[PDB]
Amino acid sequence: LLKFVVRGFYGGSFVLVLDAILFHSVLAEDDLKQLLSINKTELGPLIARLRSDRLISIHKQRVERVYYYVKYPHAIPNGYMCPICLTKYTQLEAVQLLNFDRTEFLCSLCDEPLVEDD
Amino acid sequence: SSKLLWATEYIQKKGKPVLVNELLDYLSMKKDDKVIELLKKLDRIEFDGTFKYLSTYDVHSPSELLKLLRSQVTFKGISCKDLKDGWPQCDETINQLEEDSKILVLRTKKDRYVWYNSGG
Amino acid sequence: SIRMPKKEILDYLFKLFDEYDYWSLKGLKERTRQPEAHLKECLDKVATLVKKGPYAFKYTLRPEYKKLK
């Protein structure tokens, strides 16, 4: 999948970035960093790694704003985290990552059970 | 110059409203110049008839408190724009920068540079 | 020798003088338990003195020729 393809290409740390983006609308490093609670600095560099791969695309405008979007179309509480692919999700992702068969939120890329991240 | 700097430093340390005479004693400097030049043109000196110091905030705790919580959670960027967006009351440009420096500490920098604030 | 203390001690005075334009010998020792004779010789070269009503001893770093600030 998109999630898998990235993984083959790069590290896991990158994969987490791609996930949040898939999770919500186009975001900025600040936002991707805020929800995740990771340094913005590391976030930016993760973006570039994926971008070469084309997991995401960037638009730069003439502070200046950068927007990041996943090139998914190209291919074709409220703060949980995954213990396997170390990905992360918020409440908006809880109503979608939740499962009745288990009564919990399941990852979306590595289907690992996620857990609230303090 | 020296006397004025001492007056400013004194008021800044002590930080209260005060007649010209009250200032002389603690700093021991008197001139007419102070009355009709220094303590009127000097930005740090706020006339309230007596002379006071330009406090960053009415209470120091109000912006520093939010900055402590924001560090426990969220991202450092947009310090003045995120602080003003937060409440109807408007935060003073200088009180913001001031609280942050007194509070600091050090900030995780990454190359212009992205700056993130973390607890020491 | 103790010149390291001198240069380093001046830094302490600026911090002290940064909070108030005046400081008496008693307040300076609290900030530095170094011999008063040792502090006085430094204050004597760049410091000043002022006796007042009850004779309040106050010292001030003379900024007249302070090339270091």
# chains A, B, ... in the order shown; residues from 1 in each chain; ligands from 1
>>> residues_around(residues="region 7-24 of chain B", least_positions_apart="3", cutoff="8 Å", atoms="only C-alpha atoms", output="tab-separated table (two decimals) with N, CA and C atoms, in the first residue's frame")
chain	number	residue	atom	x	y	z
B	3	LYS	N	23.82	58.57	35.91
B	3	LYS	CA	22.74	58.76	36.87
B	3	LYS	C	21.42	58.22	36.30
B	4	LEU	N	21.13	58.55	35.04
B	4	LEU	CA	19.90	58.10	34.39
B	4	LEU	C	19.87	56.58	34.32
B	27	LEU	N	18.76	56.04	44.44
B	27	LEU	CA	19.76	56.20	43.39
B	27	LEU	C	20.60	57.48	43.59
B	28	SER	N	20.10	58.38	44.44
B	28	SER	CA	20.74	59.65	44.79
B	28	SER	C	21.06	60.61	43.64
B	29	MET	N	20.18	60.71	42.65
B	29	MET	CA	20.41	61.63	41.54
B	29	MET	C	19.25	62.61	41.32
B	30	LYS	N	19.56	63.91	41.32
B	30	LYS	CA	18.56	64.94	41.09
B	30	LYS	C	19.01	65.96	40.04
B	35	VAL	N	13.42	65.88	35.35
B	35	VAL	CA	12.01	66.21	35.36
B	35	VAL	C	11.50	66.54	33.95
B	44	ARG	N	11.29	53.64	29.02
B	44	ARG	CA	11.15	52.77	30.18
B	44	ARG	C	10.45	53.49	31.33
B	45	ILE	N	10.46	54.83	31.31
B	45	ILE	CA	9.82	55.61	32.35
B	45	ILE	C	8.39	55.93	31.94
B	48	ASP	N	2.56	58.17	35.48
B	48	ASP	CA	1.24	57.73	35.90
B	48	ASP	C	0.56	58.84	36.72
B	49	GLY	N	1.40	61.50	37.95
B	49	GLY	CA	2.34	62.61	37.96
B	49	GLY	C	3.76	62.11	38.27
B	50	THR	N	3.85	61.07	39.10
B	50	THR	CA	5.11	60.49	39.51
B	50	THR	C	5.66	59.61	38.38
B	51	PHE	N	6.86	59.05	38.58
B	51	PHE	CA	7.51	58.25	37.56
B	51	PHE	C	7.53	56.78	37.95
B	52	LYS	N	7.08	55.92	37.04
B	52	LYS	CA	7.06	54.48	37.25
B	52	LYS	C	7.87	53.80	36.16
B	53	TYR	N	8.08	52.49	36.29
B	53	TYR	CA	8.81	51.71	35.30
B	53	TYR	C	7.79	51.04	34.38
B	55	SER	N	6.35	48.23	33.22
B	55	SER	CA	6.21	46.80	33.51
B	55	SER	C	5.75	46.03	32.28
C	17	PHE	N	24.68	45.71	40.53
C	17	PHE	CA	24.32	47.07	40.08
C	17	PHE	C	23.22	47.02	39.02
C	18	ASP	N	23.00	45.88	38.42
C	18	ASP	CA	21.93	45.80	37.39
C	18	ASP	C	20.57	45.90	38.10
C	19	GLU	N	20.52	45.52	39.35
C	19	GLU	CA	19.22	45.58	40.10
C	19	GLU	C	19.06	46.92	40.81
C	20	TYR	N	20.14	47.57	41.16
C	20	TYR	CA	20.03	48.88	41.86
C	20	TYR	C	21.28	49.71	41.60
C	21	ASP	N	21.12	50.99	41.41
C	21	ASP	CA	22.29	51.86	41.13
C	21	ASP	C	23.23	51.95	42.34
>>> interface_residues(of="chain B", to="chain A", cutoff="6 Å", atoms="only C-alpha atoms", output="number ranges by chain")
B: 74-75, 110
>>> select_by_dssp(residues="chain A", states="alpha helix (DSSP H)", output="number ranges by chain")
A: 2-9, 12-23, 29-36, 40-53, 72-75, 91-97
>>> residues_around(residues="residue 13 (chain C)", least_positions_apart="6", cutoff="10 Å", atoms="only C-alpha atoms", output="PyMOL selection string")
chain C and resi 19+23+28+31-32+39+43+60-61
>>> write_last_selection(atoms="N, CA, C and O atoms", output="short mmCIF file (atom, residue, chain, number, x, y, z; two decimals), in the first residue's frame")
data_model
loop_
_atom_site.label_atom_id
_atom_site.label_comp_id
_atom_site.auth_asym_id
_atom_site.auth_seq_id
_atom_site.Cartn_x
_atom_site.Cartn_y
_atom_site.Cartn_z
N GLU C 19 20.52 45.52 39.35
CA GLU C 19 19.22 45.58 40.10
C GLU C 19 19.06 46.92 40.81
O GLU C 19 17.96 47.37 41.05
N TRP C 23 24.89 50.32 46.15
CA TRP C 23 25.14 49.11 46.99
C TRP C 23 26.16 49.46 48.08
O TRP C 23 27.22 49.99 47.80
N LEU C 28 27.40 44.12 49.37
CA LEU C 28 28.35 43.47 48.43
C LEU C 28 28.93 42.19 49.04
O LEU C 28 29.11 41.20 48.34
N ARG C 31 26.74 39.20 48.61
CA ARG C 31 26.83 38.68 47.22
C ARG C 31 28.19 38.01 47.00
O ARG C 31 28.35 37.19 46.12
N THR C 32 29.17 38.37 47.79
CA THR C 32 30.54 37.78 47.61
C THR C 32 31.24 37.70 48.97
O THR C 32 31.57 38.70 49.56
N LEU C 39 37.57 43.54 47.81
CA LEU C 39 36.48 44.20 47.05
C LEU C 39 36.71 45.71 47.05
O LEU C 39 36.56 46.37 46.05
N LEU C 43 36.66 48.38 44.03
CA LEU C 43 35.71 49.52 44.04
C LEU C 43 36.49 50.83 44.12
O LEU C 43 36.06 51.86 43.65
N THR C 60 29.36 52.95 43.82
CA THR C 60 28.80 52.96 42.42
C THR C 60 29.93 52.74 41.42
O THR C 60 30.97 53.36 41.50
N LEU C 61 29.74 51.88 40.44
CA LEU C 61 30.83 51.67 39.44
C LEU C 61 30.97 52.92 38.59
O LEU C 61 30.10 53.27 37.81
#
>>> atom_distance(atom1="CA of residue 29 (chain A)", atom2="CA of residue 109 (chain B)")
14.7 Å
>>> residues_around(residues="residue 34 (chain C)", least_positions_apart="3", cutoff="12 Å", atoms="only C-alpha atoms", output="ChimeraX atom specification")
/C:2,5-6,8-9,12,25-26,28-31,37-42
>>> write_last_selection(atoms="N, CA and C atoms", output="PDB file, in the first residue's frame")
ATOM      1  N   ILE C   2      44.609  36.087  42.052  1.00  0.00           N
ATOM      2  CA  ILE C   2      43.196  36.474  42.309  1.00  0.00           C
ATOM      3  C   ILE C   2      42.691  37.474  41.255  1.00  0.00           C
ATOM      4  N   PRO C   5      39.603  36.406  40.083  1.00  0.00           N
ATOM      5  CA  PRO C   5      38.538  36.826  40.999  1.00  0.00           C
ATOM      6  C   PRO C   5      38.106  38.258  40.687  1.00  0.00           C
ATOM      7  N   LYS C   6      39.072  39.133  40.415  1.00  0.00           N
ATOM      8  CA  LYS C   6      38.767  40.550  40.057  1.00  0.00           C
ATOM      9  C   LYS C   6      37.853  40.603  38.838  1.00  0.00           C
ATOM     10  N   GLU C   8      36.252  38.288  37.298  1.00  0.00           N
ATOM     11  CA  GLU C   8      35.017  37.524  37.606  1.00  0.00           C
ATOM     12  C   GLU C   8      34.187  38.267  38.659  1.00  0.00           C
ATOM     13  N   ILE C   9      34.836  38.936  39.566  1.00  0.00           N
ATOM     14  CA  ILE C   9      34.096  39.676  40.617  1.00  0.00           C
ATOM     15  C   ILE C   9      33.415  40.886  39.988  1.00  0.00           C
ATOM     16  N   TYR C  12      30.055  40.074  38.957  1.00  0.00           N
ATOM     17  CA  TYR C  12      29.074  40.026  40.081  1.00  0.00           C
ATOM     18  C   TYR C  12      28.576  41.437  40.391  1.00  0.00           C
ATOM     19  N   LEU C  25      28.894  48.445  51.243  1.00  0.00           N
ATOM     20  CA  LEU C  25      29.856  47.311  51.400  1.00  0.00           C
ATOM     21  C   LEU C  25      29.137  46.085  51.987  1.00  0.00           C
ATOM     22  N   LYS C  26      28.281  46.285  52.951  1.00  0.00           N
ATOM     23  CA  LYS C  26      27.560  45.133  53.580  1.00  0.00           C
ATOM     24  C   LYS C  26      26.765  44.343  52.542  1.00  0.00           C
ATOM     25  N   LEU C  28      27.395  44.118  49.375  1.00  0.00           N
ATOM     26  CA  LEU C  28      28.346  43.469  48.429  1.00  0.00           C
ATOM     27  C   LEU C  28      28.930  42.187  49.035  1.00  0.00           C
ATOM     28  N   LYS C  29      29.253  42.170  50.303  1.00  0.00           N
ATOM     29  CA  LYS C  29      29.836  40.922  50.873  1.00  0.00           C
ATOM     30  C   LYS C  29      28.808  39.799  50.820  1.00  0.00           C
ATOM     31  N   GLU C  30      27.560  40.089  51.074  1.00  0.00           N
ATOM     32  CA  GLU C  30      26.545  39.006  51.008  1.00  0.00           C
ATOM     33  C   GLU C  30      26.610  38.380  49.614  1.00  0.00           C
ATOM     34  N   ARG C  31      26.736  39.199  48.609  1.00  0.00           N
ATOM     35  CA  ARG C  31      26.826  38.681  47.217  1.00  0.00           C
ATOM     36  C   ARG C  31      28.186  38.008  47.001  1.00  0.00           C
ATOM     37  N   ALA C  37      38.578  44.106  51.973  1.00  0.00           N
ATOM     38  CA  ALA C  37      39.772  44.830  51.484  1.00  0.00           C
ATOM     39  C   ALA C  37      39.956  44.502  50.017  1.00  0.00           C
ATOM     40  N   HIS C  38      39.717  43.237  49.666  1.00  0.00           N
ATOM     41  CA  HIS C  38      39.830  42.774  48.280  1.00  0.00           C
ATOM     42  C   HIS C  38      38.809  43.434  47.347  1.00  0.00           C
ATOM     43  N   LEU C  39      37.567  43.543  47.813  1.00  0.00           N
ATOM     44  CA  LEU C  39      36.480  44.200  47.046  1.00  0.00           C
ATOM     45  C   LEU C  39      36.710  45.707  47.051  1.00  0.00           C
ATOM     46  N   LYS C  40      37.059  46.250  48.184  1.00  0.00           N
ATOM     47  CA  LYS C  40      37.280  47.718  48.262  1.00  0.00           C
ATOM     48  C   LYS C  40      38.360  48.148  47.275  1.00  0.00           C
ATOM     49  N   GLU C  41      39.446  47.434  47.178  1.00  0.00           N
ATOM     50  CA  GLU C  41      40.512  47.867  46.225  1.00  0.00           C
ATOM     51  C   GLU C  41      39.941  47.894  44.804  1.00  0.00           C
ATOM     52  N   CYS C  42      39.036  47.014  44.489  1.00  0.00           N
ATOM     53  CA  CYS C  42      38.435  47.033  43.124  1.00  0.00           C
ATOM     54  C   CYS C  42      37.488  48.226  43.044  1.00  0.00           C
TER      55      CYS C  42
END
>>> closest_residue(among="B:88, B:56, B:6, B:1", to="chain C", atoms="only C-alpha atoms")
B:6
>>> residues_around(residues="residue 78 (chain A)", least_positions_apart="2", cutoff="7 Å", atoms="only C-alpha atoms", output="ChimeraX atom specification")
/A:80,90-91
>>> write_last_selection(atoms="N, CA and C atoms", output="PDB file, in the first residue's frame")
ATOM      1  N   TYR A  80      -3.706   9.451  20.262  1.00  0.00           N
ATOM      2  CA  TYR A  80      -3.220   8.059  20.463  1.00  0.00           C
ATOM      3  C   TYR A  80      -1.946   7.818  19.657  1.00  0.00           C
ATOM      4  N   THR A  90      -5.140  11.329  16.225  1.00  0.00           N
ATOM      5  CA  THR A  90      -5.863  12.203  17.192  1.00  0.00           C
ATOM      6  C   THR A  90      -7.309  11.718  17.332  1.00  0.00           C
ATOM      7  N   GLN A  91      -8.169  12.514  17.904  1.00  0.00           N
ATOM      8  CA  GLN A  91      -9.584  12.077  18.056  1.00  0.00           C
ATOM      9  C   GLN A  91     -10.234  11.911  16.681  1.00  0.00           C
TER      10      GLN A  91
END
>>> closest_residue(among="C:16, C:10, C:3, C:24", to="residue 57 (chain C)", atoms="only C-alpha atoms")
C:24
>>> residues_around(residues="region 94-100 of chain A", least_positions_apart="5", cutoff="10 Å", atoms="only C-alpha atoms", output="PyMOL selection string")
chain A and resi 23+77-80+89+105-108+111+113-114
>>> write_last_selection(atoms="C-alpha atoms", output="PDB file, in the first residue's frame")
ATOM      1  CA  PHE A  23      -5.168  11.193   8.769  1.00  0.00           C
ATOM      2  CA  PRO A  77      -7.760  11.560  24.686  1.00  0.00           C
ATOM      3  CA  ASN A  78      -7.714  12.618  20.994  1.00  0.00           C
ATOM      4  CA  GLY A  79      -4.005  11.760  20.884  1.00  0.00           C
ATOM      5  CA  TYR A  80      -3.220   8.059  20.463  1.00  0.00           C
ATOM      6  CA  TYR A  89      -3.462   9.714  15.577  1.00  0.00           C
ATOM      7  CA  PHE A 105      -8.413   1.902  17.940  1.00  0.00           C
ATOM      8  CA  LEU A 106      -6.318  -0.054  15.421  1.00  0.00           C
ATOM      9  CA  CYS A 107      -3.450   1.485  13.425  1.00  0.00           C
ATOM     10  CA  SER A 108      -4.195   2.242   9.751  1.00  0.00           C
ATOM     11  CA  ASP A 111      -2.868  -2.413  11.944  1.00  0.00           C
ATOM     12  CA  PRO A 113      -3.210  -1.493  18.461  1.00  0.00           C
ATOM     13  CA  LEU A 114      -2.579   2.106  19.247  1.00  0.00           C
TER      14      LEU A 114
END
>>> select_by_dssp(residues="region 10-108 of chain A", states="strand (DSSP E or B)", output="list in words")
residues 27, 56, 57, 58, 59, 60, 66, 67, 68, 69, 70, 79, 80, 81, 88, 89, 90, 98, 99, 104, 105 and 106 of chain A
>>> closest_residue(among="C:22, C:27, C:47, C:52", to="chain B", atoms="only C-alpha atoms")
C:22
